[PDB]
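Printed here is data_22.csv (CSV, C-alpha atoms):
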chain,number,residue,atom,x,y,z
A,1,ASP,CA,-53.4,25.2,9.8
A,2,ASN,CA,-56.7,23.6,8.5
A,3,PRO,CA,-59.2,26.0,10.3
A,4,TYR,CA,-62.1,23.5,9.9
A,5,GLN,CA,-60.4,20.6,11.9
A,6,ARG,CA,-62.4,19.7,15.0
A,7,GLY,CA,-61.5,17.4,17.9
A,8,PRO,CA,-58.4,15.5,18.9
A,9,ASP,CA,-56.4,13.4,16.4
A,10,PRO,CA,-58.6,10.4,15.6
A,11,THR,CA,-58.1,6.7,16.3
A,12,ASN,CA,-60.1,3.6,15.4
A,13,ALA,CA,-61.5,3.8,18.9
A,14,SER,CA,-62.5,7.6,18.5
A,15,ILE,CA,-64.4,6.9,15.2
A,16,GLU,CA,-66.1,3.8,16.6
A,17,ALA,CA,-67.3,5.5,19.9
A,18,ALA,CA,-71.1,5.9,20.3
A,19,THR,CA,-70.4,9.5,21.5
A,20,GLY,CA,-67.6,11.7,20.1
A,21,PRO,CA,-65.7,14.5,22.0
A,22,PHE,CA,-68.5,17.2,21.5
A,23,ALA,CA,-71.3,17.6,24.0
A,24,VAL,CA,-74.6,17.6,22.0
A,25,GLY,CA,-77.7,19.7,22.2
A,26,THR,CA,-81.0,19.1,20.4
A,27,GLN,CA,-84.5,20.6,19.7
A,28,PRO,CA,-87.3,19.9,17.3
A,29,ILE,CA,-87.5,21.7,13.9
A,30,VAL,CA,-90.3,24.3,14.3
A,31,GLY,CA,-91.7,26.6,11.7
A,32,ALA,CA,-89.8,25.4,8.6
A,33,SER,CA,-91.0,25.5,5.0
A,34,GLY,CA,-90.4,23.0,2.2
A,35,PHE,CA,-90.1,19.7,4.3
A,36,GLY,CA,-91.9,18.0,7.2
A,37,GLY,CA,-90.0,19.1,10.3
A,38,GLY,CA,-87.7,16.7,12.3
A,39,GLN,CA,-85.0,17.3,14.9
A,40,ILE,CA,-81.7,19.2,14.9
A,41,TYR,CA,-78.6,18.0,16.8
A,42,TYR,CA,-75.5,20.1,17.3
A,43,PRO,CA,-72.4,20.8,19.5
A,44,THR,CA,-73.1,23.0,22.5
A,45,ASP,CA,-69.5,24.4,22.1
A,46,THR,CA,-70.2,27.7,20.3
A,47,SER,CA,-66.5,28.8,20.3
A,48,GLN,CA,-66.5,27.8,16.6
A,49,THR,CA,-68.6,27.0,13.6
A,50,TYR,CA,-69.2,23.5,12.2
A,51,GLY,CA,-70.3,21.9,8.9
A,52,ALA,CA,-73.9,20.6,8.7
A,53,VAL,CA,-75.4,17.4,7.3
A,54,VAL,CA,-79.1,16.9,6.5
A,55,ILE,CA,-80.3,13.2,6.8
A,56,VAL,CA,-83.4,12.1,5.0
A,57,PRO,CA,-85.6,9.0,5.7
A,58,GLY,CA,-86.8,6.7,2.9
A,59,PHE,CA,-88.5,3.3,3.7
A,60,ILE,CA,-92.2,4.5,4.2
A,61,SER,CA,-90.6,5.8,7.4
A,62,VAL,CA,-90.1,8.8,9.7
A,63,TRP,CA,-87.0,10.4,11.3
A,64,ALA,CA,-87.4,8.2,14.4
A,65,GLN,CA,-86.0,5.2,12.4
A,66,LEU,CA,-82.6,7.1,11.9
A,67,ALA,CA,-82.6,9.2,15.1
A,68,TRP,CA,-79.5,7.4,16.7
A,69,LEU,CA,-77.5,9.1,13.9
A,70,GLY,CA,-78.2,12.6,15.3
A,71,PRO,CA,-76.1,12.3,18.5
A,72,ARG,CA,-73.6,9.8,16.9
A,73,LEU,CA,-72.6,12.4,14.3
A,74,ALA,CA,-73.2,15.7,16.1
A,75,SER,CA,-70.9,14.6,18.9
A,76,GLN,CA,-68.1,14.4,16.3
A,77,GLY,CA,-68.5,18.1,15.6
A,78,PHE,CA,-71.3,18.5,13.1
A,79,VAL,CA,-74.8,20.1,13.0
A,80,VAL,CA,-77.2,17.2,12.0
A,81,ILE,CA,-80.6,18.1,10.5
A,82,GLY,CA,-82.7,15.0,10.7
A,83,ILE,CA,-85.9,15.6,8.7
A,84,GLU,CA,-89.4,14.3,8.1
A,85,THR,CA,-90.4,14.4,4.4
A,86,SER,CA,-93.5,16.2,3.3
A,87,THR,CA,-95.2,12.8,3.0
A,88,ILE,CA,-93.9,9.3,3.8
A,89,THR,CA,-94.4,8.2,0.2
A,90,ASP,CA,-92.5,11.1,-1.5
A,91,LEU,CA,-90.4,10.0,-4.5
A,92,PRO,CA,-86.6,10.3,-4.4
A,93,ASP,CA,-86.2,13.5,-6.4
A,94,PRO,CA,-88.7,15.4,-4.2
A,95,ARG,CA,-86.7,14.1,-1.2
A,96,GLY,CA,-83.5,15.6,-2.7
A,97,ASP,CA,-85.4,19.0,-3.1
A,98,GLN,CA,-86.5,18.7,0.6
A,99,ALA,CA,-82.9,17.9,1.7
A,100,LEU,CA,-81.8,21.2,0.1
A,101,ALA,CA,-84.8,23.1,1.6
A,102,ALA,CA,-83.8,21.8,5.1
A,103,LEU,CA,-80.1,22.9,4.6
A,104,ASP,CA,-81.4,26.4,3.6
A,105,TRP,CA,-83.7,26.5,6.6
A,106,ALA,CA,-80.8,25.4,8.9
A,107,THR,CA,-78.4,28.1,7.6
A,108,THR,CA,-80.9,31.0,7.2
A,109,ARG,CA,-83.7,30.5,9.8
A,110,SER,CA,-82.9,27.8,12.4
A,111,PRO,CA,-82.1,28.7,16.0
A,112,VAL,CA,-78.6,27.3,15.5
A,113,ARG,CA,-77.8,29.0,12.1
A,114,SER,CA,-74.9,31.0,13.8
A,115,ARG,CA,-72.9,27.8,14.6
A,116,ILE,CA,-73.2,26.4,11.0
A,117,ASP,CA,-70.6,27.3,8.4
A,118,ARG,CA,-73.1,27.6,5.5
A,119,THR,CA,-70.2,27.0,3.0
A,120,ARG,CA,-69.6,23.4,4.3
A,121,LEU,CA,-72.8,21.2,3.8
A,122,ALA,CA,-73.5,17.6,3.2
A,123,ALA,CA,-76.6,15.5,2.5
A,124,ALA,CA,-77.4,11.9,3.5
A,125,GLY,CA,-80.3,9.5,3.5
A,126,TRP,CA,-81.6,6.0,3.8
A,127,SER,CA,-83.6,4.2,1.1
A,128,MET,CA,-85.6,6.5,-1.0
A,129,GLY,CA,-84.0,9.4,1.0
A,130,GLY,CA,-80.6,8.1,-0.1
A,131,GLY,CA,-82.1,7.9,-3.7
A,132,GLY,CA,-82.8,11.7,-3.3
A,133,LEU,CA,-79.0,12.4,-3.0
A,134,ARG,CA,-78.6,12.4,-6.9
A,135,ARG,CA,-81.1,15.3,-7.1
A,136,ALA,CA,-79.5,17.1,-4.1
A,137,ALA,CA,-75.9,16.8,-5.4
A,138,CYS,CA,-76.7,17.6,-9.1
A,139,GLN,CA,-78.9,20.6,-8.1
A,140,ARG,CA,-76.3,21.8,-5.6
A,141,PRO,CA,-72.8,20.8,-6.7
A,142,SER,CA,-71.4,23.0,-3.9
A,143,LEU,CA,-72.3,20.3,-1.4
A,144,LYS,CA,-69.1,18.8,0.1
A,145,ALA,CA,-70.3,15.2,0.4
A,146,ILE,CA,-73.3,12.9,0.0
A,147,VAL,CA,-73.8,9.6,2.0
A,148,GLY,CA,-76.4,7.1,0.9
A,149,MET,CA,-77.4,4.2,3.2
A,150,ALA,CA,-79.1,1.4,1.2
A,151,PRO,CA,-80.0,4.1,-1.4
A,152,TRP,CA,-83.1,3.3,-3.6
A,153,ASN,CA,-83.7,5.0,-7.0
A,154,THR,CA,-85.0,3.6,-10.4
A,155,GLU,CA,-82.7,6.2,-11.9
A,156,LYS,CA,-79.3,4.3,-12.3
A,157,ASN,CA,-77.5,7.1,-14.1
A,158,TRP,CA,-75.8,9.3,-11.4
A,159,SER,CA,-73.1,10.5,-13.8
A,160,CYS,CA,-74.2,14.1,-13.0
A,161,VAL,CA,-72.7,13.8,-9.5
A,162,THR,CA,-69.5,15.8,-8.9
A,163,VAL,CA,-69.7,15.7,-5.0
A,164,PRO,CA,-67.7,13.0,-3.1
A,165,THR,CA,-70.1,10.1,-2.7
A,166,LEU,CA,-70.1,7.3,0.0
A,167,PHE,CA,-72.7,4.5,-0.4
A,168,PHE,CA,-73.4,1.7,2.1
A,169,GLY,CA,-75.1,-1.4,0.8
A,170,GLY,CA,-76.5,-4.5,2.6
A,171,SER,CA,-75.6,-8.0,1.2
A,172,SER,CA,-79.1,-9.3,2.3
A,173,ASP,CA,-81.0,-6.2,1.2
A,174,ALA,CA,-83.8,-7.3,-1.2
A,175,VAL,CA,-85.4,-3.9,-1.4
A,176,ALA,CA,-82.4,-1.7,-2.6
A,177,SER,CA,-80.1,-4.6,-3.6
A,178,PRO,CA,-76.5,-3.6,-4.2
A,179,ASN,CA,-76.6,-5.2,-7.6
A,180,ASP,CA,-79.6,-3.1,-8.8
A,181,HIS,CA,-79.2,0.2,-6.7
A,182,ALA,CA,-75.9,1.2,-4.9
A,183,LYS,CA,-73.4,-0.5,-7.3
A,184,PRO,CA,-75.0,0.8,-10.5
A,185,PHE,CA,-75.1,4.3,-8.9
A,186,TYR,CA,-71.4,4.0,-7.8
A,187,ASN,CA,-70.3,2.7,-11.2
A,188,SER,CA,-72.0,5.6,-13.0
A,189,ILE,CA,-70.2,8.3,-10.9
A,190,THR,CA,-67.1,9.2,-13.0
A,191,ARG,CA,-66.6,12.8,-11.9
A,192,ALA,CA,-66.2,12.5,-8.0
A,193,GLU,CA,-64.2,10.6,-5.5
A,194,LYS,CA,-66.4,7.7,-4.3
A,195,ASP,CA,-66.6,4.9,-1.8
A,196,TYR,CA,-68.8,1.8,-1.6
A,197,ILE,CA,-69.0,-0.3,1.6
A,198,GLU,CA,-71.3,-3.4,1.7
A,199,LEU,CA,-72.3,-4.9,5.1
A,200,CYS,CA,-72.5,-8.7,5.3
A,201,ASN,CA,-75.9,-10.2,6.1
A,202,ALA,CA,-77.4,-6.7,6.4
A,203,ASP,CA,-81.1,-6.2,5.2
A,204,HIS,CA,-82.7,-3.0,4.0
A,205,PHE,CA,-83.3,-1.8,7.6
A,206,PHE,CA,-79.5,-1.9,8.6
A,207,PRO,CA,-79.3,1.9,8.9
A,208,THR,CA,-82.1,2.0,11.5
A,209,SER,CA,-80.1,0.4,14.4
A,210,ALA,CA,-76.8,1.7,15.8
A,211,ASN,CA,-74.1,0.2,13.5
A,212,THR,CA,-70.5,1.0,14.3
A,213,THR,CA,-69.1,-0.1,10.9
A,214,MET,CA,-71.5,2.3,9.2
A,215,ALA,CA,-71.0,5.1,11.7
A,216,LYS,CA,-67.2,5.0,11.6
A,217,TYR,CA,-67.0,5.5,7.8
A,218,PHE,CA,-69.9,8.0,7.7
A,219,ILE,CA,-68.0,10.1,10.3
A,220,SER,CA,-64.7,9.7,8.3
A,221,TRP,CA,-66.4,10.8,5.0
A,222,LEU,CA,-67.9,13.9,6.6
A,223,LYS,CA,-64.6,14.7,8.3
A,224,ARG,CA,-62.5,14.3,5.1
A,225,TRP,CA,-64.8,16.3,2.8
A,226,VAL,CA,-66.9,18.6,4.9
A,227,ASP,CA,-64.0,19.6,7.1
A,228,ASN,CA,-61.1,18.9,4.5
A,229,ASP,CA,-59.7,16.9,7.5
A,230,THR,CA,-57.0,14.7,6.0
A,231,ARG,CA,-56.4,13.2,9.5
A,232,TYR,CA,-59.4,10.9,8.5
A,233,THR,CA,-57.9,9.7,5.2
A,234,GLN,CA,-56.2,6.9,7.2
A,235,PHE,CA,-59.6,5.2,7.9
A,236,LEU,CA,-60.9,5.6,4.3
A,237,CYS,CA,-57.7,4.5,2.5
A,238,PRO,CA,-57.3,1.5,2.1
A,239,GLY,CA,-60.6,1.2,4.0
A,240,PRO,CA,-62.1,-1.9,5.5
A,241,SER,CA,-61.0,-5.5,4.8
A,242,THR,CA,-63.6,-7.8,3.2
A,243,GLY,CA,-64.8,-11.3,3.8
A,244,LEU,CA,-67.8,-13.4,4.3
A,245,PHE,CA,-67.4,-13.6,8.1
A,246,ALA,CA,-66.4,-9.9,8.6
A,247,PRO,CA,-68.8,-6.9,9.1
A,248,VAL,CA,-67.8,-5.8,5.5
A,249,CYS,CA,-68.5,-8.2,2.5
A,250,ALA,CA,-67.4,-5.7,-0.2
A,251,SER,CA,-65.4,-2.5,-0.5
A,252,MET,CA,-64.6,-0.3,-3.5
A,253,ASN,CA,-63.1,3.2,-3.5
A,254,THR,CA,-61.1,5.7,-5.5
A,255,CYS,CA,-58.2,5.9,-3.0
A,256,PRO,CA,-55.9,7.7,-2.8
A,257,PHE,CA,-58.4,10.4,-4.0
Now that the file is in, can you turn its structure into structure tokens?
Amino acid sequence: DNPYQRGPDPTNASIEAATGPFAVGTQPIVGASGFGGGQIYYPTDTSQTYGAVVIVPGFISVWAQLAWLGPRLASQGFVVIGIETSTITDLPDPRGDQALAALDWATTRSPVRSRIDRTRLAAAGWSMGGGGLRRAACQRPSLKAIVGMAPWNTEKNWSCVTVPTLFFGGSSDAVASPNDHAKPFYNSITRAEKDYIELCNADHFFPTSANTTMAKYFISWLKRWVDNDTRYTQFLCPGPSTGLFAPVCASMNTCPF
């Protein structure tokens, strides 16, 4: 009845799995304009189309530092566009412009354009790449979701955002501290469903290593908004429990949406 739902009915185990139910293919990004290249990941099952998410790096870093996300998310039934920025010191707004340029490359020019539903797109990023999501969402309010991982931006006013927003913060992150970055961003968004999850003891580099707590909620957010898949509302609402000895130290959201 929802034509965009993919994969079997989920469970806590299915969303925590390193590999989802979709076999994954991959290839480098070759010939693209408006960003630095990178790597695409996608289901090999071409019986149907899938939503796509672009993922942008941010701490003076390259795609390799986020690459575990490519198979982790593509295997749940998404095309993942993991990009290099034009330069490793690009500012956040240019990174947002590059996220949109990578989505346009993927849907109009990439070898896998035919298995993307160009109407169902999302953007994500770490650090300054996460900071770029304000530009991406406010320049392209048709996006279905944005997901910021330790997002960094001097611009604290994200009230322009009308796209469902998930932020992950790290309790031990001194570079993009929740108090100065993610939480102000989250508090400023008044026109979109939103979700903030803070990982205990996690430093600015938490997104750069396989992290099941981050992955499960990233997957759930993509499913809910990119695929309209209300089978995944159960993991988002109420969402994680919080505590100093738990993986999650803080949790805020607009459940029930």
Pick from A:228, A:76, A:179, A:85 nearest to residue A:156, counting only C-alpha atoms: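 The closest residue to residue A:156 is A:179.
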When you count only C-alpha atoms, which of these residues is closest to residue A:195: A:152, A:257, A:50, A:232?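 Comparing A:152, A:257, A:50, A:232 against residue A:195, the winner is A:257.
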Return the single residue from A:192, A:112, A:62, A:15 that is closest to residue A:129, with distances computed using only C-alpha atoms. A:62
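Between atom CA of residue A:169 and atom CA of residue A:182 lies a distance of 6.3 Å.
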Among listed residues A:64, A:56, A:30, A:137, nearest residue A:208 (using only C-alpha atoms):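 The shortest atom-to-atom distance to residue A:208 comes from A:64.
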Using all atoms listed in the file, pick whichever of A:173, A:93, A:117, A:227 has the shortest atom-to-atom distance to residue A:201.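 Among the listed residues, A:173 lies closest to residue A:201.
Of the residues under consideration (A:23, A:147, A:74, A:54), A:54 shows the shortest atom-to-atom contact distance to residue A:102 when counting all atoms listed in the file.
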Who sits within 9 Å of residue A:7, only C-alpha atoms, same chain under 4 positions skipped, as a list in words: residues 20, 21, 22, 76 and 77 of chain A
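What separates atom CA of residue A:36 from atom CA of residue A:83 is a distance of 6.6 Å.
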Within-7 Å shell of (-79.7, 23.3, 7.3) in input frame, all atoms listed in the file, as a list in words: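 Within the cut-off we find residues 52, 54, 81, 102, 103, 104, 105, 106 and 107 of chain A.
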Residues just named, written with C-alpha atoms as an mmCIF file, in the frame of the given file:
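The file below, out-v2.cif, is the result:
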data_model
loop_
_atom_site.group_PDB
_atom_site.id
_atom_site.type_symbol
_atom_site.label_atom_id
_atom_site.label_comp_id
_atom_site.auth_asym_id
_atom_site.auth_seq_id
_atom_site.Cartn_x
_atom_site.Cartn_y
_atom_site.Cartn_z
ATOM 1 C CA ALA A 52 -73.900 20.600 8.700
ATOM 2 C CA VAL A 54 -79.100 16.900 6.500
ATOM 3 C CA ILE A 81 -80.600 18.100 10.500
ATOM 4 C CA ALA A 102 -83.800 21.800 5.100
ATOM 5 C CA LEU A 103 -80.100 22.900 4.600
ATOM 6 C CA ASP A 104 -81.400 26.400 3.600
ATOM 7 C CA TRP A 105 -83.700 26.500 6.600
ATOM 8 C CA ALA A 106 -80.800 25.400 8.900
ATOM 9 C CA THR A 107 -78.400 28.100 7.600
#
With only C-alpha atoms counted and 9 Å as the cut-off, give the residues of stretch 62-170 of chain A in contact with stretch 216-221 of chain A, each with its shortest interatomic distance in Å and the pair that gives it, as a Markdown table.
| residue | atom | partner | partner_atom | distance |
| --- | --- | --- | --- | --- |
| A:72 | CA | A:219 | CA | 8.7 |
| A:73 | CA | A:219 | CA | 6.5 |
| A:76 | CA | A:219 | CA | 7.4 |
| A:145 | CA | A:221 | CA | 7.5 |
| A:146 | CA | A:221 | CA | 8.8 |
| A:147 | CA | A:218 | CA | 7.1 |
| A:164 | CA | A:221 | CA | 8.5 |
| A:165 | CA | A:221 | CA | 8.6 |
| A:166 | CA | A:221 | CA | 7.1 |
Report, in Å with one decimal, the straight-line distance from atom CA of residue A:59 to atom CA of residue A:113.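 Atom CA of residue A:113 lies 29.1 Å from atom CA of residue A:59.
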Give me the residues within 8 Å of residue A:213 as a ChimeraX atom specification, counting all atoms listed in the file and dropping any in the same chain fewer than 4 places off. /A:16,217,247-248
Might you pull out every residue within 8 Å of residue A:231, with all atoms listed in the file counted and same-chain residues fewer than 5 positions away left off, and present them as a PyMOL selection string? chain A and resi 9-10+224
Give me the residues within 9 Å of residue A:200 as a compact mmCIF listing (two decimals) with C-alpha atoms, in the frame of the given file, counting all atoms listed in the file and dropping any in the same chain fewer than 6 places off.
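Writing the result to selection11.txt gives the following:
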# COMPACT_ATOMS: atom_id res chain seq x y z
CA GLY A 169 -75.10 -1.40 0.80
CA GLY A 170 -76.50 -4.50 2.60
CA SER A 171 -75.60 -8.00 1.20
CA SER A 172 -79.10 -9.30 2.30
CA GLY A 243 -64.80 -11.30 3.80
CA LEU A 244 -67.80 -13.40 4.30
CA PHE A 245 -67.40 -13.60 8.10
CA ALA A 246 -66.40 -9.90 8.60
CA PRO A 247 -68.80 -6.90 9.10
CA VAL A 248 -67.80 -5.80 5.50
CA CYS A 249 -68.50 -8.20 2.50
CA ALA A 250 -67.40 -5.70 -0.20
